[PDB]
Amino acid sequence: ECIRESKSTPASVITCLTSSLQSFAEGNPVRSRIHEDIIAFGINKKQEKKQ
Amino acid sequence: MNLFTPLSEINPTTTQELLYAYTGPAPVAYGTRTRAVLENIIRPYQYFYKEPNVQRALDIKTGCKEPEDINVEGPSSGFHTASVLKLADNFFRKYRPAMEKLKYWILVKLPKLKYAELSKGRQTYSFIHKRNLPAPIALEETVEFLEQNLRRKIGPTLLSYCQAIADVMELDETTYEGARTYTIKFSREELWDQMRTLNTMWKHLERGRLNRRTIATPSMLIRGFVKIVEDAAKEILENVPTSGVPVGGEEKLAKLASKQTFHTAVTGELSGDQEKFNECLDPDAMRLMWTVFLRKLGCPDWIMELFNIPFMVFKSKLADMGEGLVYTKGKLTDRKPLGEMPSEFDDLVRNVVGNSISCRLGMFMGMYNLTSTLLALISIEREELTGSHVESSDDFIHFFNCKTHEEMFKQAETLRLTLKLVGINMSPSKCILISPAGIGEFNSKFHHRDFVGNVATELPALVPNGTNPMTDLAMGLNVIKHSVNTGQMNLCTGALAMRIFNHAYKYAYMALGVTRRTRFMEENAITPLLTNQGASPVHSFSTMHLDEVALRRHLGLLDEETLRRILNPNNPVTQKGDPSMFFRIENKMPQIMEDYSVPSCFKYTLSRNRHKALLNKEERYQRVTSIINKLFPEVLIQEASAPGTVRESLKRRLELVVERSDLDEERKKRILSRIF
Amino acid sequence: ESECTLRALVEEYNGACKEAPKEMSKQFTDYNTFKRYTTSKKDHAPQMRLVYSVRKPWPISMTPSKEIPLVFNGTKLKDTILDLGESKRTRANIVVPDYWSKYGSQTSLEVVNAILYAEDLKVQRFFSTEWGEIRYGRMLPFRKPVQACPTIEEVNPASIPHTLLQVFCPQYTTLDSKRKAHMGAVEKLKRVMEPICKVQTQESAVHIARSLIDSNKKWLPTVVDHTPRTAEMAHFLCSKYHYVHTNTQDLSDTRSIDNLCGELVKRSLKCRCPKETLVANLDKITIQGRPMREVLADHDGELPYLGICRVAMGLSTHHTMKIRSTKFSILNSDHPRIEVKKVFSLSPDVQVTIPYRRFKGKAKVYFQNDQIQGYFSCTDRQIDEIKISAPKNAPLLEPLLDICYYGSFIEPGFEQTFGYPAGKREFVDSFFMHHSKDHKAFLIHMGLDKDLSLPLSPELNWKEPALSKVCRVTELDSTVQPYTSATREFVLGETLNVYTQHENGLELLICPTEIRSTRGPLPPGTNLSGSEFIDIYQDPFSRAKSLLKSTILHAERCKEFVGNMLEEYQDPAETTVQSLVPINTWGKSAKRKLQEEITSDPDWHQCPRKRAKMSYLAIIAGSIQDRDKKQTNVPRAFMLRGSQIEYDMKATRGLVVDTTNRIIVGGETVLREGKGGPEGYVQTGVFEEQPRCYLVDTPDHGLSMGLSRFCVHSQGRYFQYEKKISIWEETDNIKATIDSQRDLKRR
RNA sequence: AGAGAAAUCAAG
RNA sequence: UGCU
RNA sequence: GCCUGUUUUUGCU
RNA sequence: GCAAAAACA
RNA sequence: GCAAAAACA
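Chains as they are written, first to last, in the authors' numbering: chain H, 261 to 311; chain B, 1 to 180, 209 to 638, 645 to 710; chain C, 8 to 426, 428 to 755.
Structure below.
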């Protein structure tokens, strides 16, 4: 449960963290992308800023 | 017209957009509707026989005519009973999945139909006030009439409503008591006449016709009955290839394209209309078709009786004559009833019932669009016809795939005759067949290689709506966006429509030139920052779907300090008169009630600047609905199912809310003390 | 405070009772009828009054407020001269919103962010898509229903109301409603609407959430192999004259669900009568916390295995017949595509029966591949006409050969051999290679003409000039697109073949044994413990965890497992057990220990610790033993094959840990001593008054405390779930009764 | 007057 | 009292 | 004044 | 669910 | 966001 939220790191990335934890527990260190991963790794951030 | 017929770059099909005088005024009707109503009454009698014999046609109850009596050189009113039976049998034998869906609807969907669906209608004739009233008002007063004449409560289902309607017909005298106080009396004959009465009235702002036509509206005593048959007809039509009425928009175009397969030697394409529709269709033919459908389905007798009630009531219809035919002595103008002095409608005097006139033939009104479509489609099912047919109500398109031209002509004539067997006459001047297929029209959709976009069918929607700047801008831009998506408007037309709409929208809100609003903004140093305030457009062709405020915030055109003021949920401009309830996700108290305002300060309400008891009753219903919604958050997501009456249900709910409020016990006691 | 809400509700109830003495004698269920009575909001032609209405002296109607000055800089902002009603009656000047744009009270930035949340999502979604290069060109539209806007989570329509109920008002729900809700969507929606519900009313927030999890498909003309997955950008990225190239992936779990369904189908085809095996397994597998039936209903994809599993659950499938890269759709046909068991006696001992499919009677099939679009008409195995709408100079080798294979038109293959037959896939590959290097069968089947108007060149190219042209191949004169009118209902074969109900028989749609797809990742959160195929997991840890959760939590499964391992009988988990334990020599000692533990304690299958010990002994017993080594005593603990995970008999460490308070299997607390629901709950009672047991706040609140009796509230009724004492579920008892009836019927 | 078209507005 |  | 049926767009409960 | 608008028959 | 006199995203 989130205590402090920062605008730099949105609290929605906890979904990415828990997905990675579950995938690693299931013997899969590498997992497919999810929607919360969009604003977690700056995917298409260069194009967004440029446009 | 030579300027509308290009020969080199584009074809005339693409220039069919130019054959539209829209953006010009739409014609209106001015005077008495009596002549039009009487003409619609007399036309079915003129078409029953090959030689018009009106006097010999008025004594006919069921219009059934021998195959040698069917007119082939003109409109033919009536049907062939054996033809209807055999064609309905053929239509049932084929399209078995459609009949299975009909059985599914009868068993499952029909019992769950609620009579509140009748409230969705527009102006409805009221048998109590003898006027046209909004559908909710007429429905509620009819429900009260049934409740206080049957001394019982009417179930929410439509079957219970129809059973109550049938039960009231069994009484000798019925009374209506309503607040102004006033009491009105109905005999069985009087209430029967009011049941079978259609209120006639002009159709205004109708484009595409030289002569004004008359529309009619039935009472709530028969709209419920028509609802069942219309829903069943829709259920059947959604599952048959030959129908075109229940689908619309792009789905209708896809269905049409699924049939534009021209592979044989001679591939025709017949597109035409049916003349004198809604008045050459005897309701008894629809009765027979529905009865055959229900017999071959194994349905019991009660459903057959229910399906047959509306068509008999329309067989006994009483069309409301207007305020009289116009008579002149010199340059005088006087309006007189039908039977006062001779006219061209003297043969119909015997059908006059007060101010209404009876007509046993035809439908007189498009209350059975889906059932008439089914009647048209059953006639198609025969061995001779091998082409693809699409029929909506009276506009049809047919595709032929024949080896020889003579075979195609024989098939076309067989189509005409089989349509005439059930009382449907092809309009000879409106039906055109192209022997090599590829060019046609259906529902004003012209196709040559693909369904070409039709500009000027979207122009009437380009005017600002007049609610408030945000809603007007949003819906105008989204209408333009839908027109672009459907192919009606391309890039250039879409952008030009955006510019025209924006300019008119800024004008309508006093944002152009020197106005009072602009002067006030100038003298007080108020920069616009919004489209409705005179700022530069933020929306583009690719950003039609984006909200103005969000896009301006993203682009930096609207700073956060002004955003904190525009989107204030406590602004006086859009403040509500009463407190509203709010959810609280994962909180000790999940519901909080507090005063609220619409977030945008530009979503204000414009004053409109100018059966009363029933309106106060609507207000009481609204208050009860509001308190129920406040106390029962779960009826907002699912249907209400709590037991008991409203008072006790909300009393127990309010209690249970209190004991979960996490307060002191004695405080809960003092709160419960003042509950009524 | 919290008391103000109760005060307001009490006063509203009292006023509504006093002001409306009637309208509450009606039943509460009459709300569904009288909520629609909202007349006096009707208006006619507001657009014909806007110009005058704005220019009226006092156009704006608002409630009386003191935040708007009566006169500001010489302009009279508000008018209170008339005050006919004095409530919602004062009128404001048109410049009042303009005045409020400045000189106005502000609001926290959090509120502004919450209000613009969905619109901001749309704006960032627009500015995050790669604006590619415009490719102008003539386009043949394809009309299909497409999703209006993207959804944070896709949920089947039946589960949307329950999801919303769990999001907004959990206190007025039952355990069945909670079970029918998509909990992932519930969590996402709660996180999203935590700030939004503070600025939106109840119904506004409810329907915002609904829109966030509702598909709302709408028909639009699209471009083939250019579907933007959502009509949000169709005006920008698509038209009849251009498309904007974009690079967007699926980012959806439909591929993983396909992988899971494919594994289930492949392992089900290896058993007796695969249909009921697949149906039973699909009713015992849960992805995350959602049952497999519900997640299959959620994902309505085009994929084959997903379609097979959806048909097995009674749902529909959108899959279309695909050959290589060309999609085929039968517009209309006289009879379903029949199959011929062409047996090939090339050798006496070596013979293979390779079946092909063809047409009988007349048929018309639409085909699409890349930008090539059109239809062809055939009679039996003879092509009558072909009409193609393709770009100029395009190579039409692969689509035409896919058509020929689809109709079995050309006859070098199918009934013949063009060379010994061996397997379907090899024969198909040989067919395609032979006709790729020798594409003359099409020309000798269709014929040649010297007319220059015909666009199909002898080298199977579009509009390229040549001396001769392929006969009966013309341009697509009018747009043609598949469309089904009647709601198609699908039939699943006993060998897991998906059929479509054609008029004169059954039309094959999906057929395994030629669906070629490599293995992929399983969906996260997949639970195969209750299923018969645990070896689907490729991880030894997951395999062992699922097997142990299956044995520990259920006594009957432990009985069956121990019995099969001890007596060397066939077991559903033989492969998993063999793959978990290394090649050892402890089988005889394990079987012994099984013997003494069974004889000493006939009542062993009630203590989960005893079940754990018996499961360990049975797993070692059913292991792959070594021949050339003498048997040794069973060890206290061993290591899983190809792993460093320790499995211990005493369950003090490693994969299974059984503390006094609880048992942990693979890091997860499978069983709790006093607070748990392993055997589940049953409803047992619906009442209009509270029963004589505790009333929990929410269904999940009562699921955590683990009381022997608790109630929940749902629309004025109380549902008091107590406990399940039966050792079997409804589903398998119904299965047993149905099989007993059918196993008395067979004589 | 005029607008207009199968009969209305141009007052009560 | 101000739409190109 | 302003019917029935289908489709579409927007906003609010 | 309601309200407004538009197209077609 | 990382990082500093502008590169990655």
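Every residue gets a Cβ at the ideal spot worked out from N, C-alpha and C, and that includes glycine.
Original post:
Which class does C/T284 belong to by DSSP, given the choice of helix, strand or coil?
Top reply: helix
**OP:** Going by CA-CA distance only, name the one from B/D348, B/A440, B/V566 and B/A282 that's closest to B/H475.
**Re:** B/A282
**OP:** Identify the continuous alpha helix (DSSP H) that holds B/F569 and give its terminal residues.
**Re:** Per DSSP, B/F569 belongs to no alpha helix (DSSP H) and is neither H nor E.
Original post:
Between the C-alpha atoms of C/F351 and C/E434, what's the straight-line distance to the nearest angstrom?
Top reply: 15 Å
Subject >> Spatial distance of C/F425 from C/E418 (CA atoms) >> reply: 10 Å
**OP:** Just grab the DSSP bridge partners of C/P298 for me.
**Re:** C/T293
Original post:
Residues of chain C with a CB under 9 Å from the CB of H/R293: which are they?
Top reply: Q256 and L258
**OP:** List the whole-angstrom C-beta distance separating B/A26 from B/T242, where the pair is believed to meet the contact cut-off of C-beta under 8 Å.
**Re:** With a Cβ gap of about 17 Å, B/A26 and B/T242 do not count as contacting.
Subject >> Within chain B, the residues that C/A23 reaches when beta carbons sit closer than 7 Å >> reply: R657, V658 and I661
Original post:
Does DSSP classify C/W470 as helix, strand or coil?
Top reply: strand
Original post:
Which same chain residues, not among the five before or five after B/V143, have their C-beta less than 8 Å away from its C-beta?
Top reply: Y115, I154 and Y161
Original post:
Is the number of C-beta pairs between the segment 298-316 of chain C and the segment 246-258 of chain C that are closer than 8 Å three or more?
Top reply: no
Subject >> Helix, strand or coil at B/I620 [DSSP, three-state] >> reply: strand
Subject >> Distance between B/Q163 and B/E173 (C-alpha atoms, nearest Å) >> reply: 18 Å
**OP:** Buried or exposed for C/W107, please, with buried defined as at least 16 other CB atoms from any protein chain shown within 10 angstroms of its CB.
**Re:** buried
Original post:
Residues in the segment 588-599 of chain B with C-beta within 9 Å of chain C's C-beta atoms, listed in sequence order?
Top reply: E588, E589, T590, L591, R592, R593, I594, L595, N596, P597, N598 and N599
Original post:
Sorted by chain position, which residues of the same chain lie with C-beta nearer than 8 Å to B/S625's C-beta, five sequence neighbours on each side aside?
Top reply: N596, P597, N598, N599, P600, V601, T602, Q603 and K604
**OP:** Mind listing the chain C neighbours of H/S279? Cutoff is C-beta to C-beta under 8 Å, in chain order.
**Re:** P532
Subject >> Delimiting residues of the beta strand (DSSP E) encompassing C/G381 >> reply: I379 to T386
**OP:** Anything in chain B within Cβ reach of C/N39, meaning under 8 Å, just list it in chain order.
**Re:** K114, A116, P156, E673 and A674
Original post:
So which residues of chain H does C/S550 contact, with C-beta pairs closer than 9 Å?
Top reply: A285, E286 and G287
Subject >> Residue of B/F470, B/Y535, B/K473 and B/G515 minimising C-alpha distance to B/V491 >> reply: B/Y535
Original post:
Would you say H/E308 reaches chain C, if we count a Cβ-Cβ gap shorter than 8 Å as a contact?
Top reply: yes
Subject >> 8 Å contact criterion, which B/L413 and B/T432 should meet: CB distance rounded >> reply: 16 Å between Cβ atoms; not a contact.
Original post:
Counting along the chain, where does the alpha helix (DSSP H) carrying C/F175 start and finish?
Top reply: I167 to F175
Original post:
Is any beta-carbon of chain C found at less than 8 Å from that of B/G605?
Top reply: yes
Original post:
For H/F301, does the count of other Cβ atoms within 10 angstroms reach 16, so buried, or fall short, so exposed?
Top reply: exposed
Original post:
Is the number of C-beta pairs between the segment 463-471 of chain B and the segment 286-299 of chain B that are closer than 8 Å three or more?
Top reply: yes
**OP:** Can you say whether C/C719 is buried or exposed, counting buried as having 16 or more other CB atoms within 10 angstroms of its CB?
**Re:** buried
**OP:** Take B/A578 as the anchor and find which of C/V119, C/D437 and C/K567 has the nearest alpha-carbon.
**Re:** C/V119
**OP:** Could you spell out where the alpha helix (DSSP H) holding B/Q656 opens and where it closes?
**Re:** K646 to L665
Subject >> Listed by chain order, chain B residues near C/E10 by CB distance under 9 Å >> reply: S695, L697, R701 and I705
Original post:
How about B/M332: is its Cβ closer than 7 Å to a heavy atom in the ligand GDP?
Top reply: Only the bare structure without any ligand can be found here, which leaves the ligand GDP out of the picture.
**OP:** Please report how far the alpha carbon of B/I10 lies from the alpha carbon of B/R315, in whole angstroms.
**Re:** 49 Å
Original post:
Who pairs with C/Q423 in a beta bridge, going by DSSP?
Top reply: The partner list for C/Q423 (beta bridge, DSSP) is empty, contrary to what the question assumes.
Original post:
Are there 16 or more other CB atoms within 10 angstroms of the CB of C/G314, so buried, or fewer, so exposed?
Top reply: buried
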